[PDB]
Amino acid sequence: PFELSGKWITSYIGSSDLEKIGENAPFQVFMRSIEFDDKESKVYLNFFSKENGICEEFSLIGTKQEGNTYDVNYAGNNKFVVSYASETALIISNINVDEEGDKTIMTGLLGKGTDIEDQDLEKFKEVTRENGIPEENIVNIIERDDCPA
Ligand SMILES: COc1nccnc1CC(C)C
């Protein structure tokens, strides 16, 4: 009834560690598209990220493992789930484990373009909360996004 597959833009991101989300850090992500293939139990993700100031396109394949949990390799291991959805937004949560074993909790509010409504935003905060991340580690990331469409 509400196809989650489509164009998605990163509006906000929660994070247990502000350094992982900083300018050029591995988590300053900017989504572009998300293909869910419930058939093969996977998920295609096309998204940009900066390094030294230049954009980098990434097209990752997520694997659906037992539960609402998908798997993807990037910056270390990653585990995420759509903690919630509405027609207008997509709030994700991902447990990253870095190439040094550091644990990090993030929340990511996804939507179609710049128009986020208070309902979804209020929701995201709640889930960031429920995930144990400071309400204060959320930051606007779309304004940063200078990567290609
Ligand atoms: C490719 O996407 C991902 N890969 C690993 C973990 N989380 C995501 C979701 C984004 C929106 C932060």
# chains A, B, ... in the order shown; residues from 1 in each chain; ligands from 1
>>> closest_atom_pairs(of="chain A", to="ligand 1", cutoff="8 Å", atoms="only C-alpha atoms and all ligand atoms", output="tab-separated table")
residue	atom	partner	partner_atom_place_in_ligand_line	distance
A:10	CA	ligand 1	11 (C)	6.5
A:13	CA	ligand 1	12 (C)	7.6
A:27	CA	ligand 1	12 (C)	6.9
A:29	CA	ligand 1	12 (C)	6.0
A:30	CA	ligand 1	11 (C)	7.2
A:31	CA	ligand 1	11 (C)	5.8
A:44	CA	ligand 1	1 (C)	7.6
A:45	CA	ligand 1	1 (C)	4.7
A:46	CA	ligand 1	1 (C)	6.5
A:47	CA	ligand 1	1 (C)	6.4
A:58	CA	ligand 1	1 (C)	7.6
A:59	CA	ligand 1	1 (C)	7.3
A:60	CA	ligand 1	1 (C)	5.8
A:61	CA	ligand 1	1 (C)	7.8
A:62	CA	ligand 1	4 (N)	7.5
A:71	CA	ligand 1	5 (C)	7.6
A:72	CA	ligand 1	5 (C)	5.7
A:73	CA	ligand 1	5 (C)	7.1
A:74	CA	ligand 1	5 (C)	6.6
A:78	CA	ligand 1	5 (C)	5.1
A:79	CA	ligand 1	6 (C)	6.0
A:80	CA	ligand 1	7 (N)	5.5
A:92	CA	ligand 1	9 (C)	6.5
A:93	CA	ligand 1	7 (N)	7.0
A:94	CA	ligand 1	7 (N)	5.2
A:95	CA	ligand 1	6 (C)	7.4
A:96	CA	ligand 1	6 (C)	7.0
A:106	CA	ligand 1	12 (C)	7.8
A:107	CA	ligand 1	12 (C)	7.5
A:108	CA	ligand 1	12 (C)	5.7
A:109	CA	ligand 1	11 (C)	7.6
A:110	CA	ligand 1	11 (C)	6.7
>>> residues_around(residues="range 16-26 of chain A", least_positions_apart="6", cutoff="9 Å", atoms="only C-alpha atoms", output="list in words")
residues 49, 50, 51, 52, 53, 54, 74, 75, 103, 104, 105, 106, 132, 133, 134, 137, 138 and 144 of chain A
>>> write_last_selection(atoms="N, CA, C and O atoms", output="mmCIF file, in the first residue's frame")
data_model
loop_
_atom_site.group_PDB
_atom_site.id
_atom_site.type_symbol
_atom_site.label_atom_id
_atom_site.label_comp_id
_atom_site.auth_asym_id
_atom_site.auth_seq_id
_atom_site.Cartn_x
_atom_site.Cartn_y
_atom_site.Cartn_z
ATOM 1 N N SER A 49 28.821 10.403 -0.278
ATOM 2 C CA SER A 49 29.604 10.671 0.923
ATOM 3 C C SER A 49 30.894 11.390 0.548
ATOM 4 O O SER A 49 31.425 11.211 -0.547
ATOM 5 N N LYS A 50 31.329 12.291 1.422
ATOM 6 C CA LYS A 50 32.536 13.065 1.168
ATOM 7 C C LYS A 50 33.822 12.506 1.771
ATOM 8 O O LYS A 50 33.819 11.806 2.781
ATOM 9 N N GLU A 51 34.927 12.876 1.143
ATOM 10 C CA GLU A 51 36.267 12.519 1.574
ATOM 11 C C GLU A 51 37.103 13.683 1.076
ATOM 12 O O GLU A 51 37.050 14.037 -0.103
ATOM 13 N N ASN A 52 37.802 14.330 1.998
ATOM 14 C CA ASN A 52 38.662 15.449 1.644
ATOM 15 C C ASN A 52 37.890 16.531 0.898
ATOM 16 O O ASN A 52 38.477 17.470 0.367
ATOM 17 N N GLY A 53 36.568 16.420 0.884
ATOM 18 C CA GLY A 53 35.743 17.426 0.225
ATOM 19 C C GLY A 53 35.030 17.002 -1.056
ATOM 20 O O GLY A 53 34.150 17.723 -1.526
ATOM 21 N N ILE A 54 35.410 15.869 -1.640
ATOM 22 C CA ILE A 54 34.715 15.404 -2.833
ATOM 23 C C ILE A 54 33.693 14.294 -2.604
ATOM 24 O O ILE A 54 33.902 13.367 -1.826
ATOM 25 N N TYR A 74 30.387 -1.679 5.238
ATOM 26 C CA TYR A 74 30.761 -0.314 4.893
ATOM 27 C C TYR A 74 31.280 0.340 6.172
ATOM 28 O O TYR A 74 30.598 0.338 7.192
ATOM 29 N N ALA A 75 32.503 0.861 6.130
ATOM 30 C CA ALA A 75 33.127 1.514 7.282
ATOM 31 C C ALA A 75 33.247 0.545 8.450
ATOM 32 O O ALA A 75 33.684 0.907 9.541
ATOM 33 N N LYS A 103 31.584 0.384 18.869
ATOM 34 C CA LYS A 103 30.136 0.246 18.708
ATOM 35 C C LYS A 103 29.540 1.651 18.564
ATOM 36 O O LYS A 103 29.921 2.552 19.312
ATOM 37 N N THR A 104 28.574 1.837 17.667
ATOM 38 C CA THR A 104 27.949 3.149 17.479
ATOM 39 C C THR A 104 26.485 3.038 17.063
ATOM 40 O O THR A 104 26.127 2.272 16.168
ATOM 41 N N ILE A 105 25.634 3.804 17.735
ATOM 42 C CA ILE A 105 24.200 3.800 17.461
ATOM 43 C C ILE A 105 23.779 5.063 16.730
ATOM 44 O O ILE A 105 24.052 6.179 17.183
ATOM 45 N N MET A 106 23.039 4.876 15.641
ATOM 46 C CA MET A 106 22.573 6.002 14.843
ATOM 47 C C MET A 106 21.094 5.843 14.508
ATOM 48 O O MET A 106 20.536 4.744 14.551
ATOM 49 N N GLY A 132 18.753 5.247 22.896
ATOM 50 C CA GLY A 132 19.760 5.668 23.869
ATOM 51 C C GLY A 132 20.722 6.762 23.406
ATOM 52 O O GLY A 132 21.742 7.014 24.044
ATOM 53 N N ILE A 133 20.406 7.394 22.282
ATOM 54 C CA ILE A 133 21.237 8.467 21.748
ATOM 55 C C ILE A 133 20.736 9.813 22.272
ATOM 56 O O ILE A 133 19.527 10.058 22.322
ATOM 57 N N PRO A 134 21.656 10.693 22.651
ATOM 58 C CA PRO A 134 21.243 11.998 23.145
ATOM 59 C C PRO A 134 20.382 12.698 22.099
ATOM 60 O O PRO A 134 20.642 12.617 20.898
ATOM 61 N N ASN A 137 22.411 14.881 19.848
ATOM 62 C CA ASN A 137 23.346 14.426 18.828
ATOM 63 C C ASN A 137 22.714 14.308 17.439
ATOM 64 O O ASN A 137 23.221 13.601 16.566
ATOM 65 N N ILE A 138 21.568 14.964 17.279
ATOM 66 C CA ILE A 138 20.828 15.021 16.019
ATOM 67 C C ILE A 138 21.248 16.327 15.342
ATOM 68 O O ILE A 138 21.330 17.371 15.997
ATOM 69 N N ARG A 144 23.850 20.524 4.288
ATOM 70 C CA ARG A 144 25.237 20.199 3.992
ATOM 71 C C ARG A 144 25.362 19.652 2.572
ATOM 72 O O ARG A 144 26.324 19.942 1.854
#
>>> closest_residue(among="A:5, A:40, A:68, A:28", to="residue 146 in chain A", atoms="only C-alpha atoms")
A:28
>>> select_by_dssp(residues="range 79-133 of chain A", states="helix (DSSP H, G or I)", output="tab-separated table (two decimals) with N, CA, C and O atoms, in the first residue's frame")
chain	number	residue	atom	x	y	z
A	118	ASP	N	6.33	17.89	11.20
A	118	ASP	CA	6.55	17.61	12.62
A	118	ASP	C	6.18	16.22	13.12
A	118	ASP	O	6.76	15.73	14.09
A	119	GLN	N	5.23	15.58	12.45
A	119	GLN	CA	4.85	14.25	12.92
A	119	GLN	C	6.06	13.32	12.86
A	119	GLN	O	6.53	12.84	13.88
A	120	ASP	N	6.60	13.15	11.66
A	120	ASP	CA	7.76	12.28	11.46
A	120	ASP	C	8.95	12.71	12.30
A	120	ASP	O	9.63	11.88	12.91
A	121	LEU	N	9.22	14.01	12.32
A	121	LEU	CA	10.36	14.52	13.08
A	121	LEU	C	10.22	14.21	14.56
A	121	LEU	O	11.20	13.84	15.22
A	122	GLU	N	9.01	14.37	15.09
A	122	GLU	CA	8.76	14.08	16.49
A	122	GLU	C	8.99	12.60	16.73
A	122	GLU	O	9.51	12.20	17.77
A	123	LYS	N	8.64	11.80	15.73
A	123	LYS	CA	8.82	10.35	15.80
A	123	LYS	C	10.30	10.00	15.88
A	123	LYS	O	10.73	9.26	16.77
A	124	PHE	N	11.08	10.53	14.94
A	124	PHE	CA	12.52	10.27	14.86
A	124	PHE	C	13.24	10.51	16.18
A	124	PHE	O	14.04	9.68	16.63
A	125	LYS	N	12.92	11.65	16.81
A	125	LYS	CA	13.49	12.01	18.10
A	125	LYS	C	13.18	10.92	19.12
A	125	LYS	O	14.06	10.46	19.86
A	126	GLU	N	11.92	10.50	19.15
A	126	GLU	CA	11.49	9.44	20.05
A	126	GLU	C	12.39	8.22	19.84
A	126	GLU	O	13.04	7.77	20.78
A	127	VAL	N	12.50	7.74	18.59
A	127	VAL	CA	13.33	6.57	18.31
A	127	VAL	C	14.82	6.80	18.60
A	127	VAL	O	15.54	5.88	18.99
A	128	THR	N	15.28	8.02	18.40
A	128	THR	CA	16.67	8.31	18.71
A	128	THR	C	16.78	8.10	20.22
A	128	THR	O	17.65	7.39	20.72
A	129	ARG	N	15.80	8.65	20.92
A	129	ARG	CA	15.72	8.53	22.37
A	129	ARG	C	15.74	7.06	22.75
A	129	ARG	O	16.65	6.58	23.42
A	130	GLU	N	14.72	6.34	22.29
A	130	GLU	CA	14.58	4.92	22.59
A	130	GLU	C	15.86	4.16	22.28
A	130	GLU	O	16.13	3.13	22.89
>>> residues_around(residues="residue 41 in chain A", least_positions_apart="5", cutoff="8 Å", atoms="only C-alpha atoms", output="mmCIF file with C-alpha atoms, in the first residue's frame")
data_model
loop_
_atom_site.group_PDB
_atom_site.id
_atom_site.type_symbol
_atom_site.label_atom_id
_atom_site.label_comp_id
_atom_site.auth_asym_id
_atom_site.auth_seq_id
_atom_site.Cartn_x
_atom_site.Cartn_y
_atom_site.Cartn_z
ATOM 1 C CA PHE A 36 13.925 -3.223 -1.428
ATOM 2 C CA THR A 63 21.184 -8.672 3.092
ATOM 3 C CA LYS A 64 17.977 -9.492 4.978
ATOM 4 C CA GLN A 65 18.920 -11.735 7.913
#
>>> select_by_dssp(residues="range 6-146 of chain A", states="strand (DSSP E or B)", output="JSON list (two decimals) with N, CA and C atoms, in the first residue's frame")
[["chain", "number", "residue", "atom", "x", "y", "z"],
["A", 6, "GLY", "N", 12.30, 3.66, -3.55],
["A", 6, "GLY", "CA", 12.28, 4.95, -4.23],
["A", 6, "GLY", "C", 13.43, 5.91, -3.91],
["A", 9, "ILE", "N", 16.15, 11.04, 0.54],
["A", 9, "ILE", "CA", 17.15, 12.04, 0.86],
["A", 9, "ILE", "C", 17.31, 12.04, 2.38],
["A", 10, "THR", "N", 18.55, 12.16, 2.83],
["A", 10, "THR", "CA", 18.84, 12.14, 4.25],
["A", 10, "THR", "C", 18.56, 13.53, 4.81],
["A", 11, "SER", "N", 17.62, 13.62, 5.75],
["A", 11, "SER", "CA", 17.31, 14.91, 6.34],
["A", 11, "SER", "C", 18.03, 15.12, 7.67],
["A", 12, "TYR", "N", 18.00, 14.09, 8.51],
["A", 12, "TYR", "CA", 18.58, 14.12, 9.85],
["A", 12, "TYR", "C", 19.24, 12.78, 10.20],
["A", 13, "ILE", "N", 20.17, 12.83, 11.15],
["A", 13, "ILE", "CA", 20.83, 11.62, 11.64],
["A", 13, "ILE", "C", 21.18, 11.72, 13.12],
["A", 14, "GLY", "N", 20.78, 10.70, 13.86],
["A", 14, "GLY", "CA", 21.09, 10.57, 15.28],
["A", 14, "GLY", "C", 22.41, 9.80, 15.32],
["A", 15, "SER", "N", 23.19, 9.99, 16.37],
["A", 15, "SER", "CA", 24.48, 9.32, 16.47],
["A", 15, "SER", "C", 25.07, 9.35, 17.88],
["A", 30, "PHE", "N", 24.29, 10.77, 2.56],
["A", 30, "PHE", "CA", 23.25, 11.47, 1.82],
["A", 30, "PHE", "C", 22.66, 10.43, 0.89],
["A", 31, "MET", "N", 21.47, 9.96, 1.24],
["A", 31, "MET", "CA", 20.81, 8.92, 0.46],
["A", 31, "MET", "C", 20.40, 9.46, -0.92],
["A", 32, "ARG", "N", 20.14, 8.55, -1.85],
["A", 32, "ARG", "CA", 19.70, 8.91, -3.20],
["A", 32, "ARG", "C", 18.59, 7.98, -3.68],
["A", 33, "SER", "N", 18.65, 6.72, -3.26],
["A", 33, "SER", "CA", 17.67, 5.71, -3.63],
["A", 33, "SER", "C", 17.77, 4.46, -2.77],
["A", 34, "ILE", "N", 16.65, 3.75, -2.65],
["A", 34, "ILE", "CA", 16.63, 2.52, -1.86],
["A", 34, "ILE", "C", 15.72, 1.48, -2.51],
["A", 35, "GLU", "N", 16.34, 0.46, -3.09],
["A", 35, "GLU", "CA", 15.58, -0.63, -3.70],
["A", 35, "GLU", "C", 15.44, -1.81, -2.73],
["A", 36, "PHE", "N", 14.21, -2.08, -2.29],
["A", 36, "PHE", "CA", 13.93, -3.22, -1.43],
["A", 36, "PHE", "C", 13.48, -4.38, -2.32],
["A", 37, "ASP", "N", 14.21, -5.48, -2.29],
["A", 37, "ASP", "CA", 13.82, -6.65, -3.07],
["A", 37, "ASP", "C", 13.41, -7.74, -2.07],
["A", 42, "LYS", "N", 16.82, -8.68, 0.13],
["A", 42, "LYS", "CA", 17.96, -7.77, 0.11],
["A", 42, "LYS", "C", 17.52, -6.33, -0.08],
["A", 43, "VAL", "N", 18.48, -5.43, -0.26],
["A", 43, "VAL", "CA", 18.14, -4.03, -0.41],
["A", 43, "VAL", "C", 19.30, -3.26, -1.04],
["A", 44, "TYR", "N", 19.00, -2.59, -2.15],
["A", 44, "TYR", "CA", 20.00, -1.79, -2.85],
["A", 44, "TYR", "C", 20.01, -0.35, -2.34],
["A", 45, "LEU", "N", 21.19, 0.17, -2.02],
["A", 45, "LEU", "CA", 21.26, 1.56, -1.56],
["A", 45, "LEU", "C", 22.30, 2.38, -2.33],
["A", 46, "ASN", "N", 21.83, 3.45, -2.95],
["A", 46, "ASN", "CA", 22.70, 4.36, -3.69],
["A", 46, "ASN", "C", 22.77, 5.64, -2.85],
["A", 47, "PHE", "N", 23.98, 6.03, -2.46],
["A", 47, "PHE", "CA", 24.15, 7.22, -1.64],
["A", 47, "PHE", "C", 25.53, 7.85, -1.77],
["A", 48, "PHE", "N", 25.60, 9.16, -1.56],
["A", 48, "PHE", "CA", 26.86, 9.90, -1.61],
["A", 48, "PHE", "C", 27.53, 10.08, -0.25],
["A", 49, "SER", "N", 28.82, 10.40, -0.28],
["A", 49, "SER", "CA", 29.60, 10.67, 0.92],
["A", 49, "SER", "C", 30.89, 11.39, 0.55],
["A", 50, "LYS", "N", 31.33, 12.29, 1.42],
["A", 50, "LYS", "CA", 32.54, 13.06, 1.17],
["A", 50, "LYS", "C", 33.82, 12.51, 1.77],
["A", 51, "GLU", "N", 34.93, 12.88, 1.14],
["A", 51, "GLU", "CA", 36.27, 12.52, 1.57],
["A", 51, "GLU", "C", 37.10, 13.68, 1.08],
["A", 54, "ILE", "N", 35.41, 15.87, -1.64],
["A", 54, "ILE", "CA", 34.71, 15.40, -2.83],
["A", 54, "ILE", "C", 33.69, 14.29, -2.60],
["A", 55, "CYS", "N", 32.60, 14.35, -3.36],
["A", 55, "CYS", "CA", 31.57, 13.34, -3.26],
["A", 55, "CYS", "C", 32.04, 11.98, -3.77],
["A", 56, "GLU", "N", 31.41, 10.93, -3.25],
["A", 56, "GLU", "CA", 31.71, 9.56, -3.65],
["A", 56, "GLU", "C", 30.38, 8.83, -3.73],
["A", 57, "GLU", "N", 30.11, 8.18, -4.85],
["A", 57, "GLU", "CA", 28.85, 7.44, -4.92],
["A", 57, "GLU", "C", 29.07, 6.02, -4.45],
["A", 58, "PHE", "N", 28.11, 5.50, -3.69],
["A", 58, "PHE", "CA", 28.18, 4.14, -3.19],
["A", 58, "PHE", "C", 26.86, 3.46, -3.55],
["A", 59, "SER", "N", 26.95, 2.21, -3.97],
["A", 59, "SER", "CA", 25.78, 1.41, -4.34],
["A", 59, "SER", "C", 25.98, 0.09, -3.60],
["A", 60, "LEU", "N", 25.41, 0.00, -2.40],
["A", 60, "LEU", "CA", 25.54, -1.18, -1.55],
["A", 60, "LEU", "C", 24.36, -2.15, -1.58],
["A", 61, "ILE", "N", 24.66, -3.44, -1.42],
["A", 61, "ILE", "CA", 23.61, -4.46, -1.33],
["A", 61, "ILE", "C", 23.43, -4.92, 0.11],
["A", 62, "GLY", "N", 22.26, -4.68, 0.68],
["A", 62, "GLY", "CA", 21.97, -5.10, 2.05],
["A", 62, "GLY", "C", 21.33, -6.48, 2.02],
["A", 63, "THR", "N", 21.71, -7.32, 2.98],
["A", 63, "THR", "CA", 21.18, -8.67, 3.09],
["A", 63, "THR", "C", 20.21, -8.81, 4.26],
["A", 64, "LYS", "N", 19.00, -9.27, 3.96],
["A", 64, "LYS", "CA", 17.98, -9.49, 4.98],
["A", 64, "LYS", "C", 18.22, -10.77, 5.77],
["A", 70, "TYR", "N", 18.68, -6.15, 8.40],
["A", 70, "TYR", "CA", 19.44, -6.29, 7.16],
["A", 70, "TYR", "C", 20.92, -6.14, 7.47],
["A", 71, "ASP", "N", 21.75, -6.65, 6.57],
["A", 71, "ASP", "CA", 23.20, -6.59, 6.74],
["A", 71, "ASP", "C", 23.94, -5.94, 5.57],
["A", 72, "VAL", "N", 24.95, -5.13, 5.89],
["A", 72, "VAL", "CA", 25.73, -4.41, 4.90],
["A", 72, "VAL", "C", 27.12, -4.10, 5.44],
["A", 73, "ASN", "N", 28.10, -4.16, 4.55],
["A", 73, "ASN", "CA", 29.48, -3.90, 4.90],
["A", 73, "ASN", "C", 29.83, -2.52, 4.37],
["A", 76, "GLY", "N", 32.81, -0.68, 8.21],
["A", 76, "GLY", "CA", 32.80, -1.74, 9.19],
["A", 76, "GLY", "C", 31.51, -2.51, 8.90],
["A", 77, "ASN", "N", 31.05, -3.29, 9.87],
["A", 77, "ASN", "CA", 29.81, -4.02, 9.71],
["A", 77, "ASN", "C", 28.68, -3.03, 10.01],
["A", 78, "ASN", "N", 27.48, -3.33, 9.51],
["A", 78, "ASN", "CA", 26.33, -2.46, 9.74],
["A", 78, "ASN", "C", 25.06, -3.27, 9.88],
["A", 79, "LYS", "N", 24.18, -2.82, 10.76],
["A", 79, "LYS", "CA", 22.90, -3.47, 11.01],
["A", 79, "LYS", "C", 21.85, -2.38, 11.13],
["A", 80, "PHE", "N", 20.83, -2.44, 10.28],
["A", 80, "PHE", "CA", 19.80, -1.41, 10.30],
["A", 80, "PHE", "C", 18.41, -1.99, 10.08],
["A", 81, "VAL", "N", 17.41, -1.21, 10.47],
["A", 81, "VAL", "CA", 16.02, -1.63, 10.36],
["A", 81, "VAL", "C", 15.16, -0.39, 10.22],
["A", 82, "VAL", "N", 14.08, -0.47, 9.45],
["A", 82, "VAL", "CA", 13.21, 0.68, 9.32],
["A", 82, "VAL", "C", 12.36, 0.65, 10.58],
["A", 83, "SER", "N", 12.76, 1.45, 11.56],
["A", 83, "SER", "CA", 12.07, 1.49, 12.83],
["A", 83, "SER", "C", 10.68, 2.09, 12.63],
["A", 84, "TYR", "N", 10.46, 2.63, 11.43],
["A", 84, "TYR", "CA", 9.19, 3.29, 11.17],
["A", 84, "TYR", "C", 9.09, 3.86, 9.77],
["A", 85, "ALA", "N", 7.85, 3.99, 9.31],
["A", 85, "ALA", "CA", 7.59, 4.55, 8.00],
["A", 85, "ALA", "C", 6.20, 5.18, 7.97],
["A", 89, "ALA", "N", 8.11, 9.81, 5.06],
["A", 89, "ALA", "CA", 9.45, 9.66, 5.61],
["A", 89, "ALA", "C", 9.88, 8.24, 5.95],
["A", 90, "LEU", "N", 11.17, 8.08, 6.21],
["A", 90, "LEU", "CA", 11.73, 6.78, 6.54],
["A", 90, "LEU", "C", 12.79, 6.98, 7.63],
["A", 91, "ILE", "N", 12.46, 6.54, 8.84],
["A", 91, "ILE", "CA", 13.37, 6.64, 9.98],
["A", 91, "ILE", "C", 14.09, 5.31, 10.15],
["A", 92, "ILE", "N", 15.40, 5.34, 9.95],
["A", 92, "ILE", "CA", 16.19, 4.13, 10.08],
["A", 92, "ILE", "C", 17.07, 4.19, 11.31],
["A", 93, "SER", "N", 17.50, 3.01, 11.76],
["A", 93, "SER", "CA", 18.42, 2.87, 12.87],
["A", 93, "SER", "C", 19.48, 1.88, 12.39],
["A", 94, "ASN", "N", 20.74, 2.15, 12.70],
["A", 94, "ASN", "CA", 21.79, 1.23, 12.30],
["A", 94, "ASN", "C", 22.84, 1.10, 13.38],
["A", 95, "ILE", "N", 23.23, -0.15, 13.62],
["A", 95, "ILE", "CA", 24.27, -0.44, 14.59],
["A", 95, "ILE", "C", 25.52, -0.72, 13.78],
["A", 96, "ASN", "N", 26.45, 0.23, 13.80],
["A", 96, "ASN", "CA", 27.71, 0.05, 13.10],
["A", 96, "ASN", "C", 28.76, -0.51, 14.05],
["A", 97, "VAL", "N", 29.69, -1.26, 13.48],
["A", 97, "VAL", "CA", 30.79, -1.83, 14.24],
["A", 97, "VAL", "C", 31.98, -1.54, 13.35],
["A", 98, "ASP", "N", 32.86, -0.66, 13.81],
["A", 98, "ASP", "CA", 33.99, -0.25, 12.98],
["A", 98, "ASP", "C", 35.15, -1.22, 12.88],
["A", 103, "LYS", "N", 31.58, 0.38, 18.87],
["A", 103, "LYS", "CA", 30.14, 0.25, 18.71],
["A", 103, "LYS", "C", 29.54, 1.65, 18.56],
["A", 104, "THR", "N", 28.57, 1.84, 17.67],
["A", 104, "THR", "CA", 27.95, 3.15, 17.48],
["A", 104, "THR", "C", 26.48, 3.04, 17.06],
["A", 105, "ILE", "N", 25.63, 3.80, 17.73],
["A", 105, "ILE", "CA", 24.20, 3.80, 17.46],
["A", 105, "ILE", "C", 23.78, 5.06, 16.73],
["A", 106, "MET", "N", 23.04, 4.88, 15.64],
["A", 106, "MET", "CA", 22.57, 6.00, 14.84],
["A", 106, "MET", "C", 21.09, 5.84, 14.51],
["A", 107, "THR", "N", 20.48, 6.96, 14.13],
["A", 107, "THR", "CA", 19.09, 6.98, 13.70],
["A", 107, "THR", "C", 19.15, 7.86, 12.46],
["A", 108, "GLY", "N", 18.34, 7.55, 11.46],
["A", 108, "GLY", "CA", 18.37, 8.33, 10.23],
["A", 108, "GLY", "C", 16.97, 8.55, 9.69],
["A", 109, "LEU", "N", 16.57, 9.81, 9.66],
["A", 109, "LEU", "CA", 15.27, 10.19, 9.13],
["A", 109, "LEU", "C", 15.40, 10.44, 7.62],
["A", 110, "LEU", "N", 14.73, 9.60, 6.83],
["A", 110, "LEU", "CA", 14.75, 9.73, 5.39],
["A", 110, "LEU", "C", 13.41, 10.22, 4.86],
["A", 111, "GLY", "N", 13.45, 11.02, 3.80],
["A", 111, "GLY", "CA", 12.23, 11.56, 3.22],
["A", 111, "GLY", "C", 12.45, 11.96, 1.76],
["A", 139, "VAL", "N", 21.46, 16.30, 14.03],
["A", 139, "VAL", "CA", 21.85, 17.52, 13.34],
["A", 139, "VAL", "C", 21.29, 17.54, 11.93],
["A", 140, "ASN", "N", 21.04, 18.74, 11.41],
["A", 140, "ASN", "CA", 20.53, 18.88, 10.05],
["A", 140, "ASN", "C", 21.66, 18.55, 9.08]]
>>> decode(residues="range 45-58 of chain A", atoms="N, CA, C and O atoms", output="JSON list (two decimals), in the first residue's frame")
[["chain", "number", "residue", "atom", "x", "y", "z"],
["A", 45, "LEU", "N", 21.19, 0.17, -2.02],
["A", 45, "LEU", "CA", 21.26, 1.56, -1.56],
["A", 45, "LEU", "C", 22.30, 2.38, -2.33],
["A", 45, "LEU", "O", 23.47, 2.01, -2.39],
["A", 46, "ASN", "N", 21.83, 3.45, -2.95],
["A", 46, "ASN", "CA", 22.70, 4.36, -3.69],
["A", 46, "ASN", "C", 22.77, 5.64, -2.85],
["A", 46, "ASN", "O", 21.74, 6.29, -2.62],
["A", 47, "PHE", "N", 23.98, 6.03, -2.46],
["A", 47, "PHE", "CA", 24.15, 7.22, -1.64],
["A", 47, "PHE", "C", 25.53, 7.85, -1.77],
["A", 47, "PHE", "O", 26.51, 7.18, -2.07],
["A", 48, "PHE", "N", 25.60, 9.16, -1.56],
["A", 48, "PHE", "CA", 26.86, 9.90, -1.61],
["A", 48, "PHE", "C", 27.53, 10.08, -0.25],
["A", 48, "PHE", "O", 26.90, 9.95, 0.80],
["A", 49, "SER", "N", 28.82, 10.40, -0.28],
["A", 49, "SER", "CA", 29.60, 10.67, 0.92],
["A", 49, "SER", "C", 30.89, 11.39, 0.55],
["A", 49, "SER", "O", 31.43, 11.21, -0.55],
["A", 50, "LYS", "N", 31.33, 12.29, 1.42],
["A", 50, "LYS", "CA", 32.54, 13.06, 1.17],
["A", 50, "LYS", "C", 33.82, 12.51, 1.77],
["A", 50, "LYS", "O", 33.82, 11.81, 2.78],
["A", 51, "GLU", "N", 34.93, 12.88, 1.14],
["A", 51, "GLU", "CA", 36.27, 12.52, 1.57],
["A", 51, "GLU", "C", 37.10, 13.68, 1.08],
["A", 51, "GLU", "O", 37.05, 14.04, -0.10],
["A", 52, "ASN", "N", 37.80, 14.33, 2.00],
["A", 52, "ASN", "CA", 38.66, 15.45, 1.64],
["A", 52, "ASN", "C", 37.89, 16.53, 0.90],
["A", 52, "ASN", "O", 38.48, 17.47, 0.37],
["A", 53, "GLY", "N", 36.57, 16.42, 0.88],
["A", 53, "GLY", "CA", 35.74, 17.43, 0.23],
["A", 53, "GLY", "C", 35.03, 17.00, -1.06],
["A", 53, "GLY", "O", 34.15, 17.72, -1.53],
["A", 54, "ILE", "N", 35.41, 15.87, -1.64],
["A", 54, "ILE", "CA", 34.71, 15.40, -2.83],
["A", 54, "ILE", "C", 33.69, 14.29, -2.60],
["A", 54, "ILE", "O", 33.90, 13.37, -1.83],
["A", 55, "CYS", "N", 32.60, 14.35, -3.36],
["A", 55, "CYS", "CA", 31.57, 13.34, -3.26],
["A", 55, "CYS", "C", 32.04, 11.98, -3.77],
["A", 55, "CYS", "O", 32.90, 11.90, -4.65],
["A", 56, "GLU", "N", 31.41, 10.93, -3.25],
["A", 56, "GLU", "CA", 31.71, 9.56, -3.65],
["A", 56, "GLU", "C", 30.38, 8.83, -3.73],
["A", 56, "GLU", "O", 29.59, 8.88, -2.78],
["A", 57, "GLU", "N", 30.11, 8.18, -4.85],
["A", 57, "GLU", "CA", 28.85, 7.44, -4.92],
["A", 57, "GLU", "C", 29.07, 6.02, -4.45],
["A", 57, "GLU", "O", 30.07, 5.39, -4.79],
["A", 58, "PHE", "N", 28.11, 5.50, -3.69],
["A", 58, "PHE", "CA", 28.18, 4.14, -3.19],
["A", 58, "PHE", "C", 26.86, 3.46, -3.55],
["A", 58, "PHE", "O", 25.79, 4.07, -3.43]]
